[PDB]
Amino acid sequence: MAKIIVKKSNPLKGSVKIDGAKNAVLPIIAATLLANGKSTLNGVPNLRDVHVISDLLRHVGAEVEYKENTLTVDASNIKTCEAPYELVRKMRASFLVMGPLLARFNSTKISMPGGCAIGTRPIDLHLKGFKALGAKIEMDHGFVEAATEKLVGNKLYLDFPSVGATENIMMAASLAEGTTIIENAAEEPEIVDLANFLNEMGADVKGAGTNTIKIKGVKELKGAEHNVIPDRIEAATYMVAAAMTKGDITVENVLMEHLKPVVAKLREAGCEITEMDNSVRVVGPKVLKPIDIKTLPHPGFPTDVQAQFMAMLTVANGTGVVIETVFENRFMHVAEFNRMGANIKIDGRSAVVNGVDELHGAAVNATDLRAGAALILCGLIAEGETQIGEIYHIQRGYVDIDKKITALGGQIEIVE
């Protein structure tokens, strides 16, 4: 089966256009379900995770059309508020329909997500918020059902600033009676994108981007047109690639406000970075300086770039410590990095990376989306040739990484 073959490459040089944010579009697609009417989403990346949630909307009865990076959804006529096991098993982001369906129809029944490679990922805070809004929750044979005679706005505290719980609760609250206050909300840029979209549909959501979100419920929302923000994680991936290959890359169609910790940490590692209104230029250093990273809720360092920074660190000039506070077991890639000659030792949530002279190409497997991309980065700098298996992980969330890296001068090919 299919592999990505990467060879030791030249310093990457040139421009790369960044696609729309996968993790903005997924909750925003779920939000379309809140409107009796037709929404139009532009800048939608052509990605499997997009197609999966689109098929979920079809299941519940919304009409969906995708072309040329525009997705339209007509959620006028919904026929069921049940998300079955087979769909949720494909992608746990499917859970994001629960808030809108609960809000529109006052009842919804959604398969509870199971295990995921990157950790045990409960959805307790989503249910916490729904209960705060008046919903009664019950479990039936793997399904979670939430139902209410009516949703009523209430104050609620998030024990962790969960991205998904903030999204789900904001969407449910959008049609509740009265005012909902989400305390200790996620501040991730996708939260702000979603809020903006809800407001575009007629909602009243204030404070997205800050630690407190206030939603004043409205009776009905209408389909709206929305331009999704750029993918900050994709952008970060290309930035790290410039860093690691001693390249000089201009990443186009980005928002620098959303990249702050990545910019900072790359500068600390010795990159020269030039921030512009819609683009950023990254020049890799001649010697990578070791740095420590600690993943945290935004605007701390993002967990979705942790594997890729760890890969950069495998050849830094010293010792770097990587600490993952956000996900449990987001170190599955370490053993793959070590097969390429890295020197990485883990205990608990910390990985000690002792920089080596160079990596060496080897047969490796992607374990998840972001780690698979880190493996491509290793492949660019590893002596000889690197063959990466289980490539569906990567293709889930990167548009044409082979084409984009090839256009920057890298040696990469997908073989079937």
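When you see a residue number, it is the position in the sequence shown, counting from 1.
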Practice task
Higher average CA B factor in the deposited record is what I'm after, so tell me if that's 82-90 or 106-114.
Solution key: 82-90
Fill in the blank from the handout: Between 253-261 and 233-241, the record assigns the higher mean Cα B factor to 253-261
Exercise for the section: Determine which member of 305, 125, 176, 321 has the highest CA B-factor, using the values in the deposited entry. Expected result: 176
Handout entry: 268, 167, 74, 193, ranked by C-alpha B-factor: the highest one
Key = 74
Problem - Where the record places residue 395 (Cα B-factor, split into thirds across the chain) - result: highest
Practice task
Pull the Cα B-factor of residue 162 out of the PDB entry and bin it into the chain's lowest, middle or highest third.
Solution key: lowest
Fill in the blank from the handout: Temperature factor at the Cα of residue 129, chain-ranked in thirds, falls in the lowest
Handout entry: Third of chain Cα B-factors occupied by residue 67
Key = highest
Exercise for the section: Quick one: classify residue 347 as lowest, middle or highest third of the chain based on its Cα B-factor. Expected result: middle
